[PDB]
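Consider the single chain below, provided in C-alpha coordinates and representing the form deposited in one PDB entry.
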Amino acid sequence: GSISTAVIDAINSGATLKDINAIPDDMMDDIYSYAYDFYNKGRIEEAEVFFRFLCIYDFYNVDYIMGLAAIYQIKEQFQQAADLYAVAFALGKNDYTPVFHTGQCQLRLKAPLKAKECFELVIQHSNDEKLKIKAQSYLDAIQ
(Lines give C-alpha, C1' and ligand atoms only; values in the text may rest on other atoms or scores of the structure.)
Protein backbone atom coordinates (compact mmCIF):
# COMPACT_ATOMS: atom_id res chain seq x y z
CA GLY A 1 0.00 0.00 0.00
CA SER A 2 0.94 3.68 0.31
CA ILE A 3 3.20 3.31 3.33
CA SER A 4 5.00 0.17 2.17
CA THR A 5 5.54 1.72 -1.26
CA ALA A 6 7.09 4.77 0.39
CA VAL A 7 9.34 2.68 2.63
CA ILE A 8 10.55 0.58 -0.29
CA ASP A 9 11.27 3.74 -2.27
CA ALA A 10 13.27 5.09 0.67
CA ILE A 11 15.21 1.86 1.09
CA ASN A 12 16.18 1.84 -2.56
CA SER A 13 17.32 5.49 -2.38
CA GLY A 14 17.67 5.92 -6.14
CA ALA A 15 17.25 9.01 -8.26
CA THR A 16 13.55 9.86 -8.16
CA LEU A 17 11.09 11.44 -10.57
CA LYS A 18 10.77 14.64 -8.55
CA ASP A 19 14.56 14.71 -8.13
CA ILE A 20 14.54 14.79 -11.95
CA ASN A 21 11.92 17.58 -11.99
CA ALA A 22 10.08 15.15 -14.24
CA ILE A 23 6.74 17.03 -14.05
CA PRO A 24 6.61 20.85 -13.78
CA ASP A 25 4.99 22.42 -10.74
CA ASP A 26 2.10 24.05 -12.53
CA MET A 27 1.16 20.69 -14.07
CA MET A 28 1.27 18.95 -10.67
CA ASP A 29 -0.96 21.76 -9.33
CA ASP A 30 -3.37 21.13 -12.19
CA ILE A 31 -3.49 17.37 -11.55
CA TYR A 32 -4.21 18.10 -7.90
CA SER A 33 -7.08 20.37 -8.95
CA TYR A 34 -8.49 17.58 -11.10
CA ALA A 35 -8.10 15.06 -8.29
CA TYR A 36 -10.16 17.23 -6.00
CA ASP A 37 -12.82 17.81 -8.65
CA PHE A 38 -13.28 14.05 -9.00
CA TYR A 39 -13.43 13.86 -5.22
CA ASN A 40 -16.08 16.56 -4.95
CA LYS A 41 -18.20 14.86 -7.64
CA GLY A 42 -18.19 11.60 -5.68
CA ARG A 43 -15.82 9.97 -8.19
CA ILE A 44 -13.82 8.37 -5.44
CA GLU A 45 -12.07 5.96 -7.80
CA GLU A 46 -10.89 8.64 -10.24
CA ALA A 47 -9.87 10.76 -7.26
CA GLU A 48 -7.90 7.89 -5.75
CA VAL A 49 -6.05 7.18 -9.00
CA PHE A 50 -5.07 10.83 -9.23
CA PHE A 51 -4.06 11.17 -5.56
CA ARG A 52 -2.06 7.91 -5.72
CA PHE A 53 -0.29 9.27 -8.80
CA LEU A 54 0.49 12.49 -6.93
CA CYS A 55 1.81 10.59 -3.89
CA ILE A 56 4.11 8.41 -5.99
CA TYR A 57 5.60 11.59 -7.47
CA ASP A 58 5.75 13.65 -4.23
CA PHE A 59 4.77 11.55 -1.22
CA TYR A 60 6.00 14.09 1.33
CA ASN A 61 3.34 16.66 0.44
CA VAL A 62 0.76 17.48 3.13
CA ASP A 63 -2.09 18.26 0.74
CA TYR A 64 -1.58 15.15 -1.41
CA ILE A 65 -1.37 12.93 1.67
CA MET A 66 -4.44 14.45 3.30
CA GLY A 67 -6.45 13.87 0.14
CA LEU A 68 -5.42 10.22 -0.19
CA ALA A 69 -5.98 9.61 3.51
CA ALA A 70 -9.58 10.84 3.21
CA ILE A 71 -10.26 8.50 0.33
CA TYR A 72 -8.73 5.56 2.25
CA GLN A 73 -10.99 6.39 5.20
CA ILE A 74 -14.04 6.52 2.93
CA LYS A 75 -13.04 3.13 1.51
CA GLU A 76 -12.74 1.66 5.04
CA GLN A 77 -9.00 1.19 4.63
CA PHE A 78 -8.70 2.60 8.10
CA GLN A 79 -5.11 1.64 8.90
CA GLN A 80 -3.74 3.21 5.71
CA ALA A 81 -5.81 6.31 6.41
CA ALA A 82 -4.58 6.57 10.00
CA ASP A 83 -0.97 6.17 8.91
CA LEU A 84 -1.23 8.82 6.19
CA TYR A 85 -2.96 11.29 8.54
CA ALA A 86 0.01 10.88 10.92
CA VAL A 87 2.43 11.43 8.03
CA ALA A 88 0.61 14.68 7.23
CA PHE A 89 0.86 15.73 10.90
CA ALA A 90 4.63 15.09 10.97
CA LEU A 91 5.03 17.03 7.73
CA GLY A 92 3.47 20.11 9.24
CA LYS A 93 -0.30 20.02 8.69
CA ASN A 94 -1.29 23.11 10.65
CA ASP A 95 -4.45 21.88 12.39
CA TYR A 96 -5.73 18.83 14.30
CA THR A 97 -8.09 17.40 11.67
CA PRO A 98 -5.63 14.59 10.82
CA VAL A 99 -5.66 13.63 14.52
CA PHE A 100 -9.46 13.80 14.78
CA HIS A 101 -9.94 11.62 11.71
CA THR A 102 -7.27 9.16 12.94
CA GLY A 103 -9.33 8.82 16.11
CA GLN A 104 -12.34 7.82 14.01
CA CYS A 105 -10.16 5.29 12.16
CA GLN A 106 -8.73 3.82 15.36
CA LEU A 107 -12.26 3.29 16.67
CA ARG A 108 -13.11 1.34 13.55
CA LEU A 109 -9.83 -0.63 14.00
CA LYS A 110 -10.90 -1.60 17.55
CA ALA A 111 -7.95 0.37 18.98
CA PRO A 112 -9.83 2.40 21.60
CA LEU A 113 -6.79 3.56 23.58
CA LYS A 114 -5.24 5.01 20.43
CA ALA A 115 -8.60 6.62 19.60
CA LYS A 116 -8.82 8.11 23.09
CA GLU A 117 -5.33 9.54 22.72
CA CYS A 118 -6.36 11.20 19.43
CA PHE A 119 -9.57 12.80 20.73
CA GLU A 120 -7.91 13.94 23.98
CA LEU A 121 -5.16 15.56 21.92
CA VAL A 122 -7.84 17.40 19.91
CA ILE A 123 -9.54 18.66 23.07
CA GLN A 124 -6.24 19.72 24.66
CA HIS A 125 -4.65 21.49 21.65
CA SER A 126 -7.22 22.41 18.98
CA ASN A 127 -8.64 25.94 18.82
CA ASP A 128 -11.61 24.72 16.76
CA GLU A 129 -14.38 24.69 19.38
CA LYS A 130 -16.76 22.74 17.15
CA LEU A 131 -14.13 20.05 16.46
CA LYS A 132 -13.54 19.76 20.21
CA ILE A 133 -17.26 19.18 20.80
CA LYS A 134 -17.21 16.41 18.23
CA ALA A 135 -14.09 14.91 19.83
CA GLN A 136 -15.75 14.94 23.25
CA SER A 137 -18.80 13.14 21.85
CA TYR A 138 -16.52 10.31 20.74
CA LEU A 139 -14.60 10.22 24.02
CA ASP A 140 -17.86 10.01 25.94
CA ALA A 141 -18.72 6.75 24.19
CA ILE A 142 -15.36 4.95 24.72
CA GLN A 143 -16.25 2.82 27.75
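The first residue of the shown sequence is 1; numbering continues from there. Think of the rigid core as the biggest set of C-alphas that the two forms share within 1.5 Å after superposition.
What comes next is about the form deposited with a partner chain bound, which does not appear here.
- The partner chain in the entry with it bound is not approached by residue 111, whose heavy atoms all lie more than 4.5 angstroms from it.
- In the entry with it bound, residue 70 approaches the partner chain with a heavy atom inside 4.5 Å.
- Taking the partner from elsewhere, residue 66 is found to have a heavy atom lying within 4.5 Å of the partner chain in the entry with it bound.
- Relative to the superposed core, residue 120 undergoes a Cα shift smaller than 2 Å between this form and the one not shown.
- In the entry with it bound, the CA atoms of residue 79 and residue 10 move farther apart by at least 3 angstroms compared with the shown structure.
- Contraction of the residue 7-residue 54 CA spacing by 3 Å or more is recorded in the entry with it bound, set against this form.
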